[PDB]
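Participant: Residue numbers (the entry's author numbering), protein chains in the order written: chain C, 3 to 47, 58 to 206; chain E, 284 to 566; chain 3, 1 to 14, 56 to 512; chain B, 1 to 176; chain 5, 21 to 198, 207 to 275, 285 to 303, 314 to 405, 411 to 489, 506 to 542, 554 to 656. To start, I am sharing the structure in question, which I have written as structure tokens.
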Ligand SMILES: [Zn+2]
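Here it is, written out as structure tokens:
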């Protein structure tokens, strides 16, 4: 109630520095093709050729990128390719955005700092998927009371679980006021140890 | 409860009907048949019984109990309604509270059950009352299975001026009555069944004295004393003096711990040393 | 894993007037990129009935119609197939009359319709669905009339008659009375040459084994193929049917039970598993003609080294297994003789020397390979066994293992736990190449030109290195 | 916010009680009260009427808008109109909870007032999730809520605003 | 006739005022409208069913809850038509995509004493009953036309909106078109349908009068009661005992129970921590292996090993799709002295999935069906155990064919029969815990052999006198199972670089002497090491290091596992010679 973690800026211009969600977000891998040799460090993948397909975290490919593609170029995973961008248009209420994740909107908004050609078509997928999956989170979260919700929440990602936990915290708080139950003073964080 | 499981357990029709001896269990059958109550509706819970039977139940039962020698069958009490389905008689609250405070399985100090029973008297806790009605049932079905023991085995000794009984640990559901407060009711129902059962004319007017083991480690039992039973008994007990003077004479180890005097804890070895001097003292 | 599209979306790179006038506008397709005017012509040059459509396109073109088509499939597919004949007459009216009626399949990505026979409830009635699963039977292809043509030898006229049953998209039960005297005066006579029949089958999809909750007997569903979709599925496959869902009522004696039977009137079929590799690039054939020329000295050894890297040692055995995977040349002389062109390999040795491994690799490498053991295989179940049918009750010859795997590979592991009376059933099918059966009411000769790869544990449990190779 | 503070803001509404004790004017930091003449009406803030009722020192009175007839017309007016219609008091839910729980015997026909209030509430909540779905569905940038009371706002606000922020972000991530 | 609808329009109004007005809770705390709120919260989620309770209905209006016990057929309709008029004034205005009001299947439960199947006398025909039992079968869901519409054939006259009656009763099509005699057919395009199953309920085992086979009854589930129970469940049905109307004796009918209420008899954040700390505590190993065999005592190795089989290694898919095992196999050789049957029963009881077998068989069979007169396929036990564990005793009693097939099934982990008309495959994913009493190859299909042994010294006899009363007298499983259920599904253990060079040098030196062992003595039978046994070692170390949620195994357990195996292979060494 007073532990206010630093929130995630993974949807705006640039992720926050201290947010433990973005730190684990950017760690996810991404495919690149190198433009030069990689001397003195070919141990991991001593030198590495130019024109080689490698898998690197996102944070690494932040500074190793330039406009001229001096060191390496990037190509998007298939989840954001043209293939799946039609699937997410058929009916977005069917996809398991936890397997295709578990950071869909967080990752996809950082792949816009690579000035690829099809950006005007990724920032339209996300917008049209989130709008598609809305009337199923506005209604399965404000209307699921004293139920086992661990199956209404099995196909969501970190940007959506944060909202499914705000619908419930406002349902279970009006239903606790209606029943004269939110008058008793209780232990706040000690019942967490118990 | 159902209408059947509450005739077999009220210690006022479980005495008259003698619902512990197969010879008189058919009396219950005849009583039910004289009213037109199917034996399949009487066995089902009362809230689910058909609506066409329960019209004048509380009259066709008072009537057909004259034909059997039970004329004090209607009493005067009160009842409360809260809402849509909440309907209590003032003698259901009592049997539920009295059994939340004296639950057998102990979960802490002596003042852990007291709190849970004080809780279940305010309307904001109908989940304890509605729970303390499943203990009060479990108790009442485990009392007619003890008064059925000491009357199909004749453990009521006629030790002279007063009857006498005792209990055995090996019998099931005898650790439930270990408390020195839930033992008075068992004895007071035992006397009511007995006085109706025996054929003598002397035993029908002698007070009872009962003992059941309290503590195996200290090796001690608990003892009570109840007035001579009758219909119009004045209810003026007299054992708080008898036990005192008897322990004084024998000079044994006793404890008058409670507030009422007629309940004592006694060494398992001073039983006879105490009892003989008491027999002589009451005379 | 959820198949939310017939084209695997991961690695694809490597009144009734509005509907009919909107479908036509969609089928114009010229002004944007000409995707379908490149397909109508394409099928006219191949003489096809139906064309496959992508609903993914219908969405981008017109969302309202794409939604109204996945929820009222009947009234929309009777307007699609009309405004398709209309658009084929707008190219070649001569062709547009060769065929009675056109058809239109579907494919793409339906939102919640991608269901299994276990999830196919009764909220999908009259709705395009896309069922996946295994075929576990087929029916006998039978004609079915859709039009008659009669004739009056007396009046020299010619009357027709149009038929319809409950397995149409319009569903009026017509009677097959075949009129013989329309007016009591003149007699009639049917003309079969000028009438119109069509094909008709009935298969049974069944839920995939590894998708069942394993507690029950997995659910099934009945499909009604038709009009040259007919033989497109054999027992034991993995299909993705895309067809309307329908309930067909009945009445036996003027009194109907409410219970109905629901079927799936298929209008496309897809084999999920790719079991062929003839799709090569010109860059690939370039690579191939390079590699075949680089060095003629060391290309065989270099081929065999890269055969099964997951195994150490056994270079000779890999060499020979490669020779198997290639094969010889089957010569058939002029008089009619025949000489086999296959290689049969046998591997014996102590336990745990990767024999089963080599077998399980040769299985997946070659196309059309069949596995088999030495105890789960009888002498007759390998080649061909006689049985009967349940519908007709007359005998036939079910093909054993070594006849399914024709022009293929058969992998027999623990070839030594096979009784003496069972090996003998192979001596004809391993050299002469064809099985001959003369049972009670069956006299047949099946072609079984295959190749055997077999593994056998030696006697004495381990190879006593002192006795002799023959003992 | 949270319901237990809307309930705090709602205990400032004025109601009318009938005391049965003698007391002279009191000068509260929020006004004046009294004098309390036994058997004579007086108007006080709720948080005092409730607290005096619990101590058996008064007898409440039903507010005028709390009539079983005018309410049976509000309940129909609400279902006819297609926008949020004006309501008797900005805090009617909390009034008809606190009153009817603590003074249900001084209010005639409590268990019909209660059902009509709940009928109104169950509609004004249905209009919200339609007015909060067209917003997203059409990607608006403004929405005029007409006569929403603070309680309806607070029951589904901390979700709606938090799910519109994540939409503004997704809609303005391509400009730079 | 005219008073019929006038009564109904007065019952459908008193069943509506019940849902609209019934409250709970007291006046001190605060109230709660019980059924409006559930109607709304179930409609907005898209469920369309409430669960009315009969005690409430009784306590509100006493007459209605009696009609509902006497004429349930023609009153459930009024109830379900008032639930639809209340769910309309509560959720409206529906937002955009739905504006047609659905239909609300009103279930109903109760708290009343259950009858039994043997107490269904014919005077209970069309009265709500309440019986317990056990589901024994389950049909496949089908359609059932509810609102049907017909059409003439010749003149093409329609007569639509006809409503079927519920239950198992058909409909009598007219014959007076107003055209030939019966000119009416059904229009398949216009007929609303709902699902329906058909179960089979057997009477509880402890209520058979014990001279015969238990009797059973037939049910009829509906829209939302379908696919709610699985053959093997305990239930409590509230149905309308009724008769089939599809119109041994002259006037005999069939009878079923139209179910309209069903019940079933029997993870957390804070529960996670009692798994966490227990996996983290220093002596995490022995605490389990101590509380997995209370009755039988002696030689905890035979209990050490069983601890791993409950967890198992992990399933890897190399790039080649060449998957690897994820289970283990165990053999307990030795005399049948009934000391092992106890252990089998325990491991079966405390398993997430498990079957103890001595019927159709273990593996699949091909049997000539009487009806079909043809061969059909019978998947036995090892196809029903998905990831579970199968226990076997008397490994020489099983049918010759069956033993061959179990050999192949433990070899490949799937069963593929190619016989008369059957060519299918069934993935066998289970664990074999075998007890012996034998080729060097079926023996080598396992990896761990435990034979039994004893002594007779008088201090040993003091140990025996101890063990006497340990049986003369005669960490919990209820949480052990729910611990494994979370441990198996959260750990991804592999080996660390050092375990590799440990195992290489252990295994090479295990091989290096088998030569001089078998080159001289060669007693016609022995057992050498094989790479399958090495892979068994690796998948044992995985299951050890999964006890601790430790994502990387090390030398912490490899040597003790190797010594466990030095026991398990020397056992078969002594037995086979
Ligand atoms: Zn007609």
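Ideal placement from N, C-alpha and C gives every residue a C-beta, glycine not left out.
#1: Starting from residue 73 (chain 5), trace the beta strand (DSSP E) in both directions and tell me its first and last residue.
#2: Could you have a look at residue 467 (chain E) and say whether DSSP puts it in helix, strand or coil?
#3: For residue 143 (chain B), I'd like the list of residues in its chain whose CB is within less than 6 Å of its CB, leaving aside the five on either flank, ordered along the chain.
#4: Counting only Cβ pairs nearer than 9 Å, list the residues of chain B close to residue 79 (chain 5).
#5: Could you say if the segment 483 to 495 of chain E and the segment 430 to 445 of chain E meet the contact criterion of at least three C-beta pairs nearer than 8 Å?
#6: Report yes or no: is there a C-beta of chain 5 within less than 8 Å of the C-beta of residue 51 (chain B)?
#7: Return no unless some Cβ of chain 5 is closer than 8 Å to the Cβ of residue 151 (chain C).
#8: Looking at ligand 1, does it come within less than 7 Å of residue 177 (chain 5), judged from the CB to the closest heavy atom?
#9: Chain C beta carbons: is any one of them nearer than 8 Å to that of residue 513 (chain 3)?
#10: When the cut-off is 8 Å and only beta carbons count, does residue 581 (chain E) lie next to chain 5?
#11: To be precise: take each residue of the segment 55 to 73 of chain 5, compare its Cβ to all Cβ atoms of chain C, and keep it if any distance is under 7 Å. Which residues remain?
#12: Name, in chain order, the residues that DSSP records as bridge partners for residue 494 (chain E).
#13: Hey, out of 312 (chain E), 529 (chain E), 453 (chain E), 548 (chain E), whose CA is closest to residue 561 (chain E)'s CA?
#14: So, helix, strand or coil for residue 230 (chain 5), using DSSP?
#15: In terms of alpha-carbon separation, which member of 416 (chain 3), 407 (chain 3), 323 (chain 3) lies closest to residue 446 (chain 3)?
#16: For residue 15 (chain C), which residues in chain B fall below 9 Å Cβ to Cβ?
#17: Rounded to whole angstroms, what is the Cα-Cα separation between residue 183 (chain C) and residue 271 (chain 5)?
#18: What's the gap between the Cα of residue 353 (chain 5) and the Cα of residue 1 (chain 3)?
#19: Looking at residue 160 (chain 3) and residue 473 (chain 5), is the spacing between their C-beta atoms short of 8 Å?
#20: Suppose you measure from the CA of residue 306 (chain 3) to the CA of residue 286 (chain 3); what does that come to, to the nearest Å?
#21: In chain 5, what lies closer than 9 Å to residue 260 (chain 3) by C-beta?
#22: Buried or exposed: residue 398 (chain E), going by 16 or more other Cβ atoms within 10 Å of its Cβ?
#23: Tell me whether residue 21 (chain 5) is buried or exposed, calling it buried when 16 or more other Cβ atoms sit within 10 Å of its Cβ.
#24: Quick one: which unbroken alpha helix (DSSP H) runs of 4-plus residues sit fully inside the segment 366 to 424 of chain E? Chain order, please.
#25: Below 8 Å, how does it come out for the segment 144 to 158 of chain 3 and the segment 184 to 204 of chain 3: are there three or more Cβ pairs, yes or no?
#26: If I follow the unbroken beta strand (DSSP E) through residue 476 (chain 5), where does it start and stop?
#27: Given a threshold of 16 other Cβ atoms within 10 Å of its Cβ, counted over all protein chains shown, does residue 70 (chain 5) qualify as buried or as exposed?
#28: Could you please give the first and the last residue of the uninterrupted beta strand (DSSP E) stretch that includes residue 153 (chain 3)?
#29: Count the other CB atoms, across all protein chains shown, that sit within 10 Å of the CB of residue 91 (chain B); report buried if there are 16 or more and exposed otherwise.
#30: If the cut-off is 7 Å on Cβ atoms, which residues from the segment 630 to 655 of chain 5 count as contacting chain 3, listed in chain order?
#31: Measuring alpha carbon to alpha carbon, tell me which of 540 (chain E), 555 (chain E), 514 (chain E) ends up nearest residue 534 (chain E).
#32: Could you tell me if the beta carbon of residue 215 (chain 3) falls within a distance shorter than 7 Å of some heavy atom in ligand 1?
#33: Could you name the residues of chain B that residue 144 (chain C) contacts, counting a contact when the two beta carbons are closer than 8 Å?
#34: Assess, as a yes-or-no matter, whether the segment 171 to 183 of chain 5 is touched by the segment 254 to 268 of chain 5 under the definition of 3 or more beta carbon pairs within less than 8 Å.
#35: Between the segment 172 to 186 of chain 3 and the segment 75 to 87 of chain 3, do at least 3 Cβ pairs fall closer than 8 Å?
#36: Would you mind stating whether residue 137 (chain C) and residue 180 (chain C) have Cβ atoms separated by less than 8 Å?
Facilitator: Short version:
#1: Where residue 73 (chain 5) is concerned, the enclosing beta strand (DSSP E) starts and stops at 71 to 73.
#2: Here residue 467 (chain E) sits in helix by DSSP.
#3: Hits under 6 Å: 135.
#4: The contacting residues do not exist; residue 79 (chain 5) stays about 14 Å from chain B at best.
#5: With the cut-off at 8 Å, the segment 483 to 495 of chain E and the segment 430 to 445 of chain E touch.
#6: Interface annotation, residue 51 (chain B): not in contact with chain 5, CB-CB separation never under 8 Å.
#7: Using a CB distance cut-off of 8 Å, residue 151 (chain C) counts as an interface residue toward chain 5.
#8: Yes, Cβ of residue 177 (chain 5) sits closer than 7 Å to a heavy atom of ligand 1.
#9: Residue 513 (chain 3) lies beyond the range of chain 3 shown here (1 to 512); nothing can be said about it.
#10: In the structure as shown, chain E begins at 284 and stops at 566. Residue 581 (chain E) is therefore absent and cannot be evaluated.
#11: Those residues of the segment 55 to 73 of chain 5 that come within reach of chain C (Cβ to Cβ, closer than 7 Å) are 61, 64, 65.
#12: Looking at the DSSP output, residue 494 (chain E) shares a beta bridge with 449 (chain E), 506 (chain E).
#13: Closest by alpha carbon: 529 (chain E).
#14: Here DSSP, grouped into helix, strand and coil, assigns residue 230 (chain 5) to strand.
#15: That would be 407 (chain 3), whose Cα lies nearest to the Cα of residue 446 (chain 3).
#16: Taking a Cβ-Cβ threshold of 9 Å, the residues of chain B close to residue 15 (chain C) are 173, 176, in chain order.
#17: Answer to the nearest angstrom: the Cα atoms are 46 Å apart.
#18: C-alpha separation (whole angstroms): 33 Å.
#19: Taking 8 Å as the Cβ cut-off, residue 473 (chain 5) and residue 160 (chain 3) do not qualify as a contacting pair.
#20: Rounded to whole angstroms, residue 306 (chain 3) to residue 286 (chain 3) spans 6 Å at the Cα level.
#21: What residue 260 (chain 3) touches in chain 5: 160, 161.
#22: In this structure residue 398 (chain E) is exposed. Its beta-carbon is surrounded by fewer than 16 other beta-carbon atoms within 10 angstroms.
#23: By the neighbour-count criterion, in which 16 or more other beta carbons inside 10 Å mark a residue as buried, residue 21 (chain 5) falls on the exposed side.
#24: With a minimum length of 4 residues, the continuous alpha helix (DSSP H) runs that stay inside the segment 366 to 424 of chain E are 376 to 383, 396 to 402, 409 to 423.
#25: In short, these stretches do not touch, since the Cβ pair count stays below three.
#26: Annotation for residue 476 (chain 5): the continuous beta strand (DSSP E) segment containing it runs 474 to 479.
#27: Around the beta carbon of residue 70 (chain 5), a 10 Å sphere encloses 16 or more other beta carbons of the protein chains shown; the residue is thus reported as buried.
#28: If you look at residue 153 (chain 3), you'll find it isn't in any beta strand (DSSP E); DSSP assigns it neither H nor E.
#29: Burial call: buried.
#30: So nothing in the stretch comes that close.
#31: Distance from the Cα of residue 534 (chain E) is smallest, within the candidate group 540 (chain E), 555 (chain E), 514 (chain E), for 555 (chain E).
#32: Answer for residue 215 (chain 3): no, Cβ out of range of ligand 1.
#33: Those do not exist, as residue 144 (chain C) stays about 10 Å from chain B at its closest Cβ, beyond 8 Å.
#34: No, they do not touch.
#35: No, they do not touch.
#36: Not closer than 8 Å, so no.
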